[PDB]
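A lone chain, given as structure tokens: the form deposited in one PDB entry.
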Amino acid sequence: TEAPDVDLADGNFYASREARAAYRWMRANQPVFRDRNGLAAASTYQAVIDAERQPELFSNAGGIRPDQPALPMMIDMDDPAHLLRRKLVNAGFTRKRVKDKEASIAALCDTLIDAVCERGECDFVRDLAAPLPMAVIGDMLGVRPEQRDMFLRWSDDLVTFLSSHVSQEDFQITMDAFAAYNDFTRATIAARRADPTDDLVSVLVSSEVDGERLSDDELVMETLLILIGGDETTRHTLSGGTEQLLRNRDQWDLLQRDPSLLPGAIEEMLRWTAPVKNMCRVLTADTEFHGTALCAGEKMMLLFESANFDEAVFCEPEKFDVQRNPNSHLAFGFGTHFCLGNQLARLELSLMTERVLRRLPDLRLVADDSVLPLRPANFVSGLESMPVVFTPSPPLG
């Protein structure tokens, strides 16, 4: 009955395997919780949904990180301006455009598995989970394969900034990474304005809504939002979700014998892993919210992992169950800002997992999860490393 002594802006909290016990106390005793520094956080599924449904009170226009200002990106915007920006960028994310990527994503999955399959061991994080989303989003943005690692480095630097209160040295690194991304992207824009192709910048250049188009400034900001979504999130559901399949081998075995269970497995991997641990909302007025007094101008976190483990919604939430129905998890949020990339992320998860199951059918963890660390970060986090072993096989291509 004593509250957990926690700092919800500290990345070390999210790397602890005790975070879920802290969330459990919040949900049972103070659903809109204030941490040791007074930062407010919605911990229950009900409170998160209710805040998501009230964007005029719980605004994104102060920025979605604690103690960082808004950027001119759709995720830091409110309607009506947000709705126009999202409609413009949606040209890249129509259901048909995303579903048509299936063969190309599958090819990348097979190339990555081909690189390890003869060895009998790999680091699942380094060799499969991190590179696959990077290659997909890189290919959309025109990145040469041998330059993916450079983009991944810029992205890891940007997410480090989003995930902490950086030193001056890490602030400078962040500004350098943006400057390099800006240069590359404005070069792509200029090339595609002169010679359109069918890549993401081409589709976004030509997108038009209510007589409006995206400016070059907006194209840089929106493709940067997409890059980071495309290379810093899905990786952690691939690793951590596969980790749960290997820890609970009855679950691995169900999927291997029935491919039609894969869609529900991907949803359970998303629920469990919740790579995005929080998004902030700024209060536009003083308000009494699920029992807690909130003040105009402060930021409240939405705790999506906590909501995904709320017993009021998910029976036995600490049981990983690929068959779980319903599974209305909040890994992608809810409402006006619901992840634009959700279909792409689900497709990448599906195509890689189906190939892991079939091509590495006896996959096992080298050492159990108790020695596998999570990355300290207050925004997006998952496994650092996941050594796995399997019976070798020959490549496909």
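Think of the rigid core as the biggest set of C-alphas that the two forms share within 1.5 Å after superposition. The first residue of the sequence shown is number 1, and the count goes up from there.
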query	finding
Of 112 to 120 and 262 to 270, the one with larger mean CA B-factor	112 to 120
367 to 375 set against 64 to 72, stretch whose average Cα temperature factor tops the other in the entry	367 to 375
C-alpha B-factor winner, where the candidates are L162, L132, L224, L83	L83
Candidate set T197, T233, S239, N327 [ranked by C-alpha B-factor, highest]	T197
For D50, the third of its chain into which the C-alpha B factor falls	middle
For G229, the third of its chain into which the C-alpha B factor falls	lowest
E348 - which third its CA temperature factor falls in, relative to the rest of the chain	lowest
Ranked C-alpha temperature factor of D10 among modelled chain residues, by third	middle
Among modelled residues of the same chain, the CA temperature factor third for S155	lowest
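Note that the form deposited in another entry isn't included here; everything after this is about it.
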| query | finding |
| --- | --- |
| Answer among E298, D170, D258, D286 for the CA shift between this form and the one not shown that reaches 2 Å or more, rigid core superposed | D170 |
| Yes/no, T111 Cα shift of 2 Å or more between this form and the one not shown with rigid core fixed | no |
| Rigid core fit then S202 CA moved by 2 Å or more between this form and the one not shown | yes |
| Core superposition between this form and the one not shown, C-alpha change of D79 at least 2 Å | no |
| CA-CA separation of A70 and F161, closer or farther in that other deposited form than in the form shown [shift of 3 angstroms or more] | farther |
| Change in CA distance between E102 and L214 in that other deposited form, which is 3 Å or more, as closer or farther | farther |
